[PDB]
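Engineer: So the protein lines, in turn, are chains A and D. FYI, in PDB author numbering the residues of the first sequence are 1 to 303. FYI, in PDB author numbering the residues of the second sequence are 1 to 306.
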Amino acid sequence: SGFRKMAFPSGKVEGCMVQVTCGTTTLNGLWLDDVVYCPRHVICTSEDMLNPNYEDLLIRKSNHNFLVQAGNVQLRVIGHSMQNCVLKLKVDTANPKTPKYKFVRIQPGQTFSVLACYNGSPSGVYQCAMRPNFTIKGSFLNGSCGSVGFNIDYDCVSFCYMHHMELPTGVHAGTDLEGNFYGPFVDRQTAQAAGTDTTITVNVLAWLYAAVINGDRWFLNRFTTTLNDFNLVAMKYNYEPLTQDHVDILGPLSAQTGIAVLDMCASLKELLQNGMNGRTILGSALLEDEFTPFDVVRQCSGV
Amino acid sequence: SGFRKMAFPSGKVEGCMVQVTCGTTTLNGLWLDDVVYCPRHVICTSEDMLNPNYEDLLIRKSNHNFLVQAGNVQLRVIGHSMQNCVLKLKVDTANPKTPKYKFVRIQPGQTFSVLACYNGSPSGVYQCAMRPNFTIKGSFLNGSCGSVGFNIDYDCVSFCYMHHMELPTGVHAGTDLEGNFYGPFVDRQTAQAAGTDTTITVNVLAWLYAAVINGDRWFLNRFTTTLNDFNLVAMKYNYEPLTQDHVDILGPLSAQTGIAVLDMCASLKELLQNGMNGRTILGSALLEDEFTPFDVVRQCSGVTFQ
Ligand SMILES: *CC(=O)[C@H](C[C@@H]1CCCNC1=O)NC(=O)[C@H](CC(C)C)NC(=O)c1cc2c(OC)cccc2[nH]1
Ligand SMILES: *CC(=O)[C@H](C[C@@H]1CCCNC1=O)NC(=O)[C@H](CC(C)C)NC(=O)c1cc2c(OC)cccc2[nH]1
């Protein structure tokens, strides 16, 4: 029993982390087979941060202008190319620890583990949720670019995030491993704003299930609602719409607890309208939405 | 910027996790050099679960009765001894992925990373605190026994916890890697209660410093207080007393922020007495106590491990 923000073990991703340096700019890269993936602005000089001409900066660079270090031993670069906002440095050695892996693009509402790195070395690992406005709420300092986010299924590592940026509001933005930003952001030394954020309704309900399973039950009531009427209350409080697929995905948790999804909706509606009035749920005084149904089942189901 | 509950990189430890089976019990073990460490109740049958006599159970076991699996590879057991609540099973192969390591026993209020495992397979990693009542509030299901907690101290993996038990209240209890329990607990199938818990004052202050470094400054005030006067209110709200040693440990963060420890002590007592009046700190509407002062320094200074 118990519930915590839980990352996937980072061992497989640790074995692919390297540093990449060009001039006085150092950041992290991911070494998979004989390719190192890193953000492309490693090739920028400070004199041209406002709108870098990447195409054109990259042709002026040679393989020897790049320093790649895997655990402080240098990896020789024998070719380089750009794909969207990521740089691909082909090196003379295949990473002997490359895991089975996939590059995937995640949907807002999904979670992944972040391995925060500096100078090619890991600092720590934590979980994040991709928000509806395509930002994440992480812990990243200068030098952390090229840190990756990931999930693990059996033996396969699905890389879904590569870190690039911290917005003026203090949240974080990045790309998939093909160089395409999540959200409308660009890799320029410029202040950019995110869309308005919303709460991930299906995740809040998954968390209420985790609470019930763990003994926290004071918010449950004797009522139910329809999907259409609940969504009217959800819109009113800046919550995402709850879909029929969201109802089916919560089926396992509904089956384990015996509480129907639409009954949990009625309890949430009450929580939205009346607040918590000083009570807590699973140790929190606010309604939490960075746990998916998958995250809850992985931890709370022996069943 | 930003501040999150962050576990240590779990790679060094993943490569040490194995499965141990004896009779009907499968649980996790720790494979370092040529020894596999695991909880001793793996030799137990369900009969006489209320107070097993482990000394006798072990003599009727042999090396061939212990099945150790490291992934697909079976490790031949060539010797076995019991040490407090752990079994030390000598195996015929030394783990080529043993890290630089230490066994240490931690104190209440210190934090560590837990690598939750089931049947030898790592499932997840999270951060936990040794509470003042020698429990941890973990996330453990059946089969998790033998999962370990650890810190990386500069370059050395210091194993400090091996999981054994879940109490009726839902919290968890375990041992050091020498087999001695944290708290007043025993490895027996019985309902056991823990002492009342308290809040770890020094860690809450460390978290207030983390908040400042990250821009939250509203709870700062111009009042002042003494440690004796602070402790008098701390006791009213169930906080551990703040000692001078605790004040010394907040020294580095006081320097980085330019806020003296006792002015932060004044800020915390106002918080306890008056609440946050709808406000939040590092996104939280409650006060956190599972970050040590070094946890704050590690994270806000980008400390790495290699
Ligand atoms: C490369 C790297 O590690 C940093 C990571 C940033 C740094 C600030 C602290 N947290 C963090 O995650 N990435 C960058 O510095 C970005 C480089 C771009 C070319 C991708 N820049 C920003 O993240 C950035 C720039 C900027 C700005 O322009 C002057 C105004 C306000 C905010 C802002 N953030
Ligand atoms: C060894 C193992 O894998 C589990 C881990 C426990 C199991 C329950 C779910 N979460 C968790 O952490 N540990 C055990 O089963 C313990 C074995 C002992 C010999 C150490 N026993 C308990 O955890 C336990 C037993 C028990 C009880 O016995 C009748 C009554 C009330 C509470 C209780 N906890």
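Backbone N, C-alpha and C fix where the C-beta goes; we use that ideal spot for every residue, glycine too.
Using the beta-carbon count (16 or more within 10 Å), is residue 201 of chain A buried or exposed?
Structural biologist: Counting from one through the first sequence, the residue named residue 201 of chain A turns up at place 201. Per the 10 Å Cβ criterion, buried.
Engineer: Give the single residue among D/301, D/169, D/253 whose Cα lies nearest to the Cα of residue 205 of chain D.
Structural biologist: The residue you call residue 205 of chain D lines up with position 205 of the second sequence. When only C-alpha atoms are compared, the closest one is D/253.
Engineer: Could you check whether the Cβ of residue 9 of chain A sits closer than 8 Å to any Cβ belonging to chain D?
Structural biologist: Position 9 of the first sequence, counted from the start, is the residue given in the question as residue 9 of chain A. Yes - at least one Cβ of chain D is within 8 Å of the one on residue 9 of chain A.
Engineer: Going by DSSP in three states, residue 201 of chain A sits in which element: helix, strand or coil?
Structural biologist: As a position in the first sequence, residue 201 of chain A is number 201, starting the count at 1. If DSSP states are grouped into helix, strand and coil, residue 201 of chain A belongs with the helices.
Engineer: Look up residue 150 of chain A in the DSSP assignment and give the residues it is bridged to.
Structural biologist: By 1-based counting over the first sequence, the position of residue 150 of chain A is 150. Paired residues: A/113, A/159.
Engineer: Any chance the region 19–39 of chain A sits against the region 109–128 of chain A, with 3 or more Cβ pairs inside 8 Å?
Structural biologist: With the cut-off at 8 Å, the region 19–39 of chain A and the region 109–128 of chain A touch.
Engineer: Using the beta-carbon of each residue, which ones in chain D are nearer than 8 Å to residue 211 of chain A?
Structural biologist: As a working note, residue 211 of chain A is residue 211 in the first sequence. In chain order: nothing, as chain D lies at least about 12 Å away.
Engineer: Along chain A, in chain order, which residues have C-beta atoms closer than 7 Å to that of residue 308 of chain D?
Structural biologist: Chain D is shown only over 1 to 306; residue 308 of chain D falls outside these bounds and no answer can be derived.
Engineer: Are the C-beta of residue 164 of chain D and some C-beta of chain A separated by less than 8 Å?
Structural biologist: In the second sequence, counting from the first residue as 1, residue 164 of chain D sits at position 164. Residue 164 of chain D does not count as touching chain A.
Engineer: In the DSSP assignment, find the beta strand (DSSP E) that holds residue 78 of chain A and state where it starts and stops.
Structural biologist: Counted from its first residue, the first sequence places residue 78 of chain A at position 78. Here the beta strand (DSSP E) through residue 78 of chain A covers 77–83.
Engineer: Tell me, to the nearest whole angstrom, how far the beta carbon of residue 174 of chain A is from that of residue 162 of chain A; I am working on the premise that it is less than 8 Å.
Structural biologist: Locating residue 174 of chain A in the first sequence gives position 174, where the first residue counts as 1. Locating residue 162 of chain A in the first sequence gives position 162, where the first residue counts as 1. About 5 Å; that satisfies the 8 Å criterion.
Engineer: Put residue 30 of chain D into one of helix, strand or coil per three-state DSSP.
Structural biologist: Residue 30 of chain D sits at position 30 when you count from the first residue of the second sequence. Reduced to three states, the DSSP call for residue 30 of chain D is strand.
Engineer: Confirm the yes/no value for this check: CB of residue 293 of chain D, any heavy atom of ligand 2, distance under 7 Å.
Structural biologist: Along the second sequence, read from residue 1 onward, the residue named residue 293 of chain D stands at position 293. Result no, Cβ not under 7 Å from ligand 2.
Engineer: Can you check the region 8–77 of chain A for any alpha helix (DSSP H) of at least 4 residues that lies completely inside it and give the ranges in chain order?
Structural biologist: Entirely contained in the region 8–77 of chain A, the alpha helix (DSSP H) runs reaching 4 residues are, in chain order, 11–14, 54–59.
Engineer: Only counting the same chain, and skipping five residues up and downstream in sequence, which positions put a Cβ closer than 7 Å to that of residue 100 of chain D?
Structural biologist: Taking the first residue of the second sequence as 1, we reach residue 100 of chain D at position 100. Closer than 7 Å at the Cβ level, and outside the excluded window around residue 100 of chain D, lie 155, 156, 157.
Engineer: In chain D, which residues lie with their C-beta within 7 Å of the C-beta of residue 14 of chain A?
Structural biologist: Taking the first residue of the first sequence as 1, we reach residue 14 of chain A at position 14. Correct list: 9, 11.
Engineer: Could you tell me the boundaries of the beta strand (DSSP E) in which residue 313 of chain D lies?
Structural biologist: The first residue shown for chain D is 1 and the last is 306, placing residue 313 of chain D beyond what the model contains.
Engineer: In the structure shown, what three-state DSSP assignment does residue 100 of chain D receive?
Structural biologist: One-based indexing of the second sequence puts residue 100 of chain D at position 100. Of the three classes helix, strand and coil, the one that applies to residue 100 of chain D here is coil, per DSSP.
Engineer: With respect to 7 Å, is the separation between the Cβ of residue 184 of chain A and the closest non-hydrogen atom of ligand 1 below this value?
Structural biologist: Start at 1 with the first residue of the first sequence, and residue 184 of chain A comes out as number 184. Answer for residue 184 of chain A: no, Cβ out of range of ligand 1.
Engineer: Could you name the residues that DSSP lists as bridge partners for residue 166 of chain A?
Structural biologist: In the first sequence, residue 166 of chain A corresponds to position 166, counting from 1. Beta-bridge pairing links residue 166 of chain A to A/172.
Engineer: Excluding sequence positions up to five away, which residues of its chain have a Cβ less than 8 Å from the Cβ of residue 237 of chain D?
Structural biologist: Along the second sequence, one-based indexing puts residue 237 of chain D at 237. Cβ within range, chain order: 199, 272.
Engineer: Any heavy atom of ligand 1 closer than 7 Å to the Cβ of residue 140 of chain A?
Structural biologist: Stepping through the first sequence from its first residue, residue 140 of chain A is reached at position 140. Yes - ligand 1 has a heavy atom lying nearer than 7 Å to the Cβ of residue 140 of chain A.
Engineer: Three or more beta-carbon pairs under 8 Å between the region 243–260 of chain D and the region 292–303 of chain D, yes or no?
Structural biologist: Result yes; three or more Cβ-Cβ pairs closer than 8 Å.
Engineer: Does the CB of residue 183 of chain D have a neighbour CB from chain A at under 8 Å?
Structural biologist: As a first step, residue 183 of chain D is located in the second sequence; it is residue number 183 there, counting from the start. It does not; no Cβ of chain A falls within 8 Å.
Engineer: Starting from residue 88 of chain A, trace the beta strand (DSSP E) both ways and give me its first and last residue.
Structural biologist: The sequence position of residue 88 of chain A within the first sequence is 88, counting from 1. Segment 86–91, the beta strand (DSSP E) holding residue 88 of chain A.
Engineer: Would you kindly work out how many angstroms separate the C-alpha atoms of residue 152 of chain D and residue 217 of chain D, rounded to a whole number?
Structural biologist: As a working mapping, residue 152 of chain D is identified with position 152 in the second sequence. As a working mapping, residue 217 of chain D is identified with position 217 in the second sequence. Each residue's alpha carbon lies about 31 Å from the other.
Engineer: Against residue 302 of chain D, what residues of chain A qualify as contacts under a CB-to-CB distance less than 7 Å, listed in chain order?
Structural biologist: Translated into positions along the second sequence, residue 302 of chain D becomes position 302. Those are 118, 123, 141, 143, listed as they occur along chain A.
Engineer: Cβ of residue 131 of chain A within 7 Å of any heavy atom in ligand 1?
Structural biologist: The residue given as residue 131 of chain A occupies position 131 in the first sequence. Checking every heavy atom of ligand 1 against the Cβ of residue 131 of chain A, none is found closer than 7 Å.
Engineer: Rounded to whole angstroms, what is the Cα-Cα separation between residue 189 of chain A and residue 167 of chain D?
Structural biologist: Locating residue 189 of chain A in the first sequence gives position 189, counting from the first residue. Locating residue 167 of chain D in the second sequence gives position 167, counting from the first residue. Whole-angstrom Cα-Cα distance: 53 Å.
Engineer: Take the Cβ of residue 289 of chain D as the centre, count every other Cβ of all protein chains shown within 10 Å, and call the residue buried at 16 or more, exposed below.
Structural biologist: Along the second sequence, one-based indexing puts residue 289 of chain D at 289. Per the 10 Å Cβ criterion, buried.
Engineer: Between which two residues does the alpha helix (DSSP H) containing residue 267 of chain A stretch?
Structural biologist: Translated into the one-based positions of the first sequence, residue 267 of chain A becomes position 267. That run of the alpha helix (DSSP H) goes 261–274.
Engineer: Measuring straight from C-alpha to C-alpha, what distance separates residue 40 of chain A and residue 13 of chain D?
Structural biologist: Numbered from its first residue, the first sequence carries residue 40 of chain A at position 40. Numbered from its first residue, the second sequence carries residue 13 of chain D at position 13. C-alpha separation (whole angstroms): 33 Å.
Engineer: By the three-class DSSP mapping on this structure, what secondary structure does residue 294 of chain A have?
Structural biologist: Stepping through the first sequence from its first residue, residue 294 of chain A is reached at position 294. Helix at residue 294 of chain A.
Engineer: Short of 9 Å Cβ to Cβ, which residues in the region 170–181 of chain A face chain D?
Structural biologist: Answer in chain order: 170, 171, 172.
Engineer: Name, going along the chain, the residues of the region 268–291 of chain A whose beta-carbon falls closer than 8 Å to a beta-carbon of chain D.
Structural biologist: So the list reads 280, 283, 284, 285, 286, given in the order they occur along the chain.
Engineer: What in chain D is Cβ-close to residue 214 of chain A, meaning under 9 Å?
Structural biologist: Taking the first sequence and counting its residues from 1, one reaches residue 214 of chain A at position 214. The answer, in chain order, is 170.
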